[PDB]
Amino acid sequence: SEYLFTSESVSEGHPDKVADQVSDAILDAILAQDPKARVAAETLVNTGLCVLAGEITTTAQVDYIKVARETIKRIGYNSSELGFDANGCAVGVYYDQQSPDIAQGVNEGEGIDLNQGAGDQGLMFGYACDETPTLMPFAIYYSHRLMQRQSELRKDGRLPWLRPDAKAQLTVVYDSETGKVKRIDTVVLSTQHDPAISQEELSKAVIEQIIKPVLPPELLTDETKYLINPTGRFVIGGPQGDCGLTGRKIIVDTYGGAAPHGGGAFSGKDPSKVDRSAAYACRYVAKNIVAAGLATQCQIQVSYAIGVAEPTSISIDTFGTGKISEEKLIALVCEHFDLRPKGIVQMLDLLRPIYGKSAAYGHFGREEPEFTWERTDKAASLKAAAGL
């Protein structure tokens, strides 16, 4: 009559997320000067190490080393006690230019269709459902918020012993018949901390200040299991502790496994990379379908060929909850959304330095003004055009 489902998130101090944030800070710095820049910025962080590699073609003049160090400092890695310290980190720049063989497919006036072609082949999924106020699956939505809360309390000093690296995991119970959340089964929360605080003090504060204020009280019961720093002390973390790379948190970045993923990473990529722009568009489409009341769950897949503007495929699944057929939904989507690469960029105003905030705590489910793919401004037109 019920089943379990689990998602996780990590803080901005997790080493993979450090790499994502460095990649998107560099992207933002470039786009602030050159909105049309071609950016494919990959980052690897390790002990004392920040390698910047990939392909960038831009008129922007950005001090990549300074931007990387300032990003690492803003995350919290700015003191000798943490091991990994921006001031004591080697930043090495290895960027190439964008390959001209790729550029001639993407550039307008040079495509097989002379339109802006997709930056790559690939497949992308979007998803929305009615489980949370921002139309996200429950477990990833609240896992992100646990990690945001950890960072909030650290950065304003209310829990001054918190350190940057942390992880959270939620196992939730669903009703097999209704698909509705019944209760929270397990909360895992691990946080880095100053060595002077005891594990007992830490657990009390994590419960009072992080777990209880974030999760819905009605879903925490006598059966809920709390696993706080379950292997004990967590003093060293970040890239002193383990290696981080761009694009190694793609499930955290999206839907926490509540929907399939096409494989493409987001951070460090300008919007001509459909890995980013089309995944954002798919979230926008699915969210507006659910907000229009046309389905209570909606999943979309698209795909592209490098150097081709029209998607090679589109498919929509409402899991039996759609008020109209999925064929009619695809027709509505194609009428109200331009999923060609240039059409997406125009639809979502993507040639702007709006990406740094997306690189931790999830790309989806936060109704921040930067995140145009979270607007539900097409829902009314979809509902009307469906005949509802």
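Numbers follow the displayed sequence, beginning with 1.
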property: Stretch with the greater mean C-alpha B-factor as recorded in the entry, comparing 251-259 against 302-310; result: 302-310
property: Between the two ranges 32-40 and 321-329, the one averaging a larger CA B factor in the entry; result: 321-329
property: Candidate set 157, 117, 92, 244 [ranked by C-alpha B-factor, highest]; result: 117
property: Of the residues 334, 360, 65, 56, the one carrying the largest Cα B-factor as recorded; result: 334
property: Position of residue 366 among the chain's modelled residues by C-alpha B-factor, lowest, middle or highest third; result: middle
property: Residue 96 by Cα B-factor - lowest, middle or highest third of the modelled chain; result: lowest
property: Residue 292, C-alpha B-factor rank within chain (lowest, middle or highest third); result: highest
property: Modelled-residue ranking by C-alpha temperature factor, third containing residue 131; result: middle
property: Among modelled residues of the same chain, the CA temperature factor third for residue 340; result: middle
